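Notes follow once the structure below has been shown.
We call the chains A, B, C, D, E, F and G, going by the order they appear; numbering starts again at 1 in every chain.
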């Protein structure tokens, strides 16, 4: 449990933070696009084709 | 020996060129279906004939992938088709026939 | 070492779809293996989504299907996918079988005979599916076929009345066909896994019929992308039928509810059964028609026993190639005759084509392989 | 008899357009991977 | 870095290694790079330099492969080429 | 001349697989609207005056 | 096909004829019992409980 507490294991977290942050954007944008989530999509310029 | 046996040989050369495995560089014994007798005969081939058989099959499979053939100059001529496997396959069959004749007694 | 190879689950997927050594020269006729797998899955998904709205009772079986195409959201696209997916299933099955005859793949006895069982159970599946909408052809197609079983001697009527659940195609017959049409596609999928179990024991054949162990390539990426491309063409063919001609292969009579009293003028099966319907009507005798009708498909199990050629594939056998396409054209003749009334001259043509079918498979094609052996001097 | 008539043709048009794009691109992906094999060259050098 | 420092000093031990380092360097570098300069360039390397420098030459690059012997199990070039990147990254 | 567009597309978007995916999911969002908008414009143009949205204004009140 | 034509193969058929004849009786009696075949069962003494 406490094997992963040290300098090297914090360096590994540093190296994968830019990647893990991008997969979260891929998942987030993929969730908004797949469900047509209007809360987020209404703020995008070209996808305002709703005509409420 | 006569003009009629040249017509039987004439249609055999026709069927040979119609079979078209000579277009891929193969020989007749390269195309044989591998049963147990054939597998043993191939196993008994000397090193040089085995390695030659392997490359011709490999080259023909490469052509079959591309749907291509060799130039006509490199086709297998009917007169030059060497039955390199028939003497080995005849002997394998002869041995099996002997085992099958002992099993009857 | 490698997780993909050592994990108990991934090693089966790895040794089947990824690292499988496959021949470098298998052509488009080898794509129909995966396409059949896709059609089976495609028929199960659409089949399930239709079962969420279909009811297996005569008073509402016809109208529940109508309820799907009109009221259910995208019900019409799901139905015609199911009806045309069945036809695409049989296109692929016939290419898949014809590939095996031409190229000699039937020498894999266990793989081939399990294929014959797969052909029979898929035919039985589609036959029962066509009854479920309960149209005119649904009823009368079921009547003329099930009545053939009464020709079996000494147990005919007892067997027919047991399959019916009564004295004719009726309420009890419609409900059980739905249950059997539901259970069978999963039994099919399990047999398709055993179909692959025996195949991977040997690997694939190739167009030349010569062993390809000297030249193998991994199934991934070469045949993963080739099956994906082939699957994309399958969706093109399906969607062209669904979105531009969904009623081309179907019969208009099935848009009329069932009627045990009024018979339609021309009772014709779907296109993928016309060849066997012709063989049935060309035999005058009733019991003889059933045996010939059953022998029309069970004959495939005899092809390995009737192989005379020293060569495996027909690629290097011109005299057998001509007889092979004589079998296709003769089957295209039985298909044509099957969708026509039993009148002159179609009666005589259907009898000639029926004899030519069994004569080509039992006599002529085996004889050609022997002639071809003599011309090569072995 | 076919209330879905107009909508399937609208779908049919989109299917043709997507297929006209996706078929040559997927074909190109197939040829891309296979080019390793389609241009491979063989040579046989047995000892003599 | 420590393996390299030991390798560099262990190699320049003897008149013939040093004579080679002199001759070859004057043709390639046009000068003799002192050992103190190699230590400066080695000490500059850290984990960031290795990640950037290795990615510049390895990541998603076409390798040249040469095989000889019983190499039936040698992976196909496309599979080798796919091993030059990670889908997780 | 600076490097081609495909070269700057690779190093900037396609090198990392994570940005390669972010490019696709973002390209899928704008492609859907642009393709559905354009494709519907072709269907309605070919069927001018026949669809309900064309004869809609006649029965307003 | 003609491998099995000789003295030994006829001796093997002789040795398994009593067995193959008994499995046929097991199959025959098993078929009559499983289906309640009245054509054969009506002749057995104790299973005449039919009362036609």
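We adopt the following convention: a residue touches a chain if its C-beta (ideal position, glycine included) is under 8 Å from a C-beta of that chain, and two chains touch if they have at least 3 such contacts.
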item: Selected interface, D-E versus B-G, where C-beta contact pairs are more numerous; value: B-G
item: Centroid spacing, where centroids are CA-atom means, of chain C and chain D in whole angstrom; value: 26
item: Mean-CA-position distance for chain C and chain B (Å); value: 37
item: Residues within chain A bordering two or more other chains; value: 19
item: Multi-partner residues of chain C (each touching 2 or more other chains); value: 24, 217, 221-222
item: Chain F, residues touching no fewer than two other chains; value: 16, 18
item: Interchain contacts, given as pairs of chains that touch; value: A-E, A-F, B-C, B-D, B-G, C-D, C-E, D-E, D-F, E-F
item: Contacting residues of chain B [partner chain D, same complex]; value: 48, 51-52, 55, 58-59, 62, 65-66
item: List of chain B residues in touch with chain G within their complex; value: 100, 103-105
item: Chain E contact footprint on chain F (complex, rising order); value: 15-18
item: Residues of chain D that touch chain B when the two form their complex; value: 37-38, 40, 42, 44, 46
item: Chain E contact footprint on chain C (complex, rising order); value: 217-218, 220-222
